[PDB]
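Before any questions on binding or motion, here is one chain by itself as structure tokens, the form deposited in one PDB entry.
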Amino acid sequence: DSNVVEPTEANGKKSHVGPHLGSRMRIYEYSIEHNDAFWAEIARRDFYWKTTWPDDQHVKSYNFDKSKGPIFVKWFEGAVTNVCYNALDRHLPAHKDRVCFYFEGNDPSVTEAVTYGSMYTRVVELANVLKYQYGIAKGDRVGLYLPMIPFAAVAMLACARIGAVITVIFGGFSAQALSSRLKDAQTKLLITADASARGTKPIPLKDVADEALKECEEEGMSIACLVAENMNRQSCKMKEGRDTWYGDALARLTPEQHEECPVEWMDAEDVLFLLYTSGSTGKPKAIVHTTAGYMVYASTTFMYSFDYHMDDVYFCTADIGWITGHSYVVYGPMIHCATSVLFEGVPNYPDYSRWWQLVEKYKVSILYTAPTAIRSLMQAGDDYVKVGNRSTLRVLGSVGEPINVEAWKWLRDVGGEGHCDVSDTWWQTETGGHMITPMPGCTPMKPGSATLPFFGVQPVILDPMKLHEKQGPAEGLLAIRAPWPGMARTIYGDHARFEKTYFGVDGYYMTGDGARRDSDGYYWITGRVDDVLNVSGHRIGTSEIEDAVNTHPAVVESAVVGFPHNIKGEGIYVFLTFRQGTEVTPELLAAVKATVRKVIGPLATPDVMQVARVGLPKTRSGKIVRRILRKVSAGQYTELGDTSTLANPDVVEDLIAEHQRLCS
């Protein structure tokens, strides 16, 4: 087809897979027809095992059919390993002077080249602080509320070393969102930093943590706090007895505790991390990832989707508060001994050339970013890109949202000067790593398509009418019909909800996305089919936004829908009703918007607020009829469907008239 972009010749010669699509298809076919042998070989080849699984022909067991019993998957049962050991110790001392992170702060005067040897020292130091000053034991939960600095990777790996369970809270979340996650995870310890900065704006991490910790204590929790010195100590307060500066904890270490810390050898299905993730229903829930399968899957996808070789220099722009930073900043890259760029700042400070200054300075060859960022760079204009030397780039990656042809072409042919392959990687928190993706050198690309499934992955298109598999070119519900090593194993404390959310169609993992498969077998992701939003690349649920809106004292109820937004991809549209007698003013609407930002964070800011004067559209039971609100927010006033269940049909006329006025 004419929209196909061939892989570059040079990448084809370098590829771990081969120079032609036939090479990929040969491996893919093997990974399905001989699935256990495939993963056994990869696992043995590329990872360290203290103990291996007993049988190469049965490295997985599973059930995807609720009628046969509980849903479950297990990978490498019987094997024993450690993620920190694979990320760090095993590379030493051979690679002690190899750079692990080229770190730069938000402030371009702040830089450090952190070697693998230095990471080892930093990690054994912190692990010993955790074990012997905080008494952190295997299985204990530790919360992280950190900026993108070396200490963030150190903290993740130190917890893995001792078998603690991390839960990472994105630094953009508010105190209330942080507290909620610490409460649900029952963290014994919060690791944070004094402060960071986003361009010109200070980010007062410990000050926010103080409010979250006060809220947790008022509910009876006792959470200690360890604070890294990222700035000058003078942005935050410290509570005697609860809060410790990391430098003070370091000083208490014995000399030996700077050189060695025992490794906790983990069983395959021991929990590695909990990641709170927005869903179609209810508040964010903790997705559970275990040890052996996730380790293998995050690392193997990193290697093949980006074709990482030891002479490559890798830069992913994601934060550790989201799954992309787990799999594709810290765990996967370090397990394959990558040299990476670690960047605390933002793409527009000091100006929109910053990421390209990083690419040139560190000779980056693989850049993994997101369409929201790409759209913002495009809007800033090509001259911010072209002042940078991009000759070293050979692979560009995109994650988290659909990317249109114009942005894809701009990424490759302006950003990458037309000498790069592009890996548009589709996957989710629940899948651990990439699921549908190009591979450099061997995969013809279609701009806008994720292309072909990763090795071992069997996607299907389910018919939205009767929910069976569709053959041939087809559009419908995206599902996965067989297990893969990186699959999340449960929702923390609520396996019933896990089965209900993802396994409602027996035999399939239901993604929540829709997709079209074309006549070449390439997949085109068309977005969520449930109520989940994708706002500036952040996955957010309508329920926490509505719950946040409803905490404003004047608000009776609300309903949130998404709408197309040029920069954010999807914006947040709020319909809401106020108590009888409320004076509706611009200041009131501003206070409701600020309430959402207080309860959740800036990432959930409403873009439009429409006052439903008579009420939200609702059935006799009280159920808000959301399709009505969806159609209105788009201007489509004739395609609403049926309203006969509306206890208050008077509401409709008001909703269309108001929208025409606001003109979103």
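Position 1 is the first residue in the sequence shown; the rest follow in order. We call the rigid core the largest set of C-alpha positions that still match within 1.5 Å between the two forms.
- Of the other compared PDB entries of this protein that include residues on both sides, all give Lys201 atoms, none of them, and so not a third, leaving it without.
- Compared against other deposited entries of this protein, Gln186 counts as consistently modelled, with coordinates in all of those that resolve the residues around it and thus below the third mark.
- Higher average CA B factor: 500-508, of the stretches 301-309 and 500-508.
- Once the C-alpha B-factors are averaged per stretch, 574-582 and 359-367 rank with 574-582 first.
- The top Cα temperature factor in the record, among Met238, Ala338, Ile525, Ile480, falls on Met238.
- In the PDB entry, the Cα temperature factor peaks, among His565, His95, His434, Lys409, at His565.
- Ranked by C-alpha B-factor against the other modelled residues of its chain, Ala554 falls in the highest third.
- For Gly486, the recorded CA temperature factor ranks within the lowest third of the chain's modelled residues.
- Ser398: CA B factor lies in the lowest third for its chain, per the PDB record.
- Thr595 sits in the lowest third of its chain by CA B factor, as recorded in the PDB entry.
- Per-chain ranking of the deposited C-alpha B factor places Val288 in the lowest third.
The form deposited in another entry is left out here; the points below concern that form.
- Among the candidates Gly622, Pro54, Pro602, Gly69, displacement between this form and the one not shown reaches 2 angstroms at the C-alpha for one position only, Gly622 (superposition on the rigid core).
- Positional change of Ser23 between this form and the one not shown stays under 2 Å at the C-alpha, relative to the superposed core.
- After superposing the rigid core, the Cα of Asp650 is displaced by 2 Å or more between this form and the one not shown.
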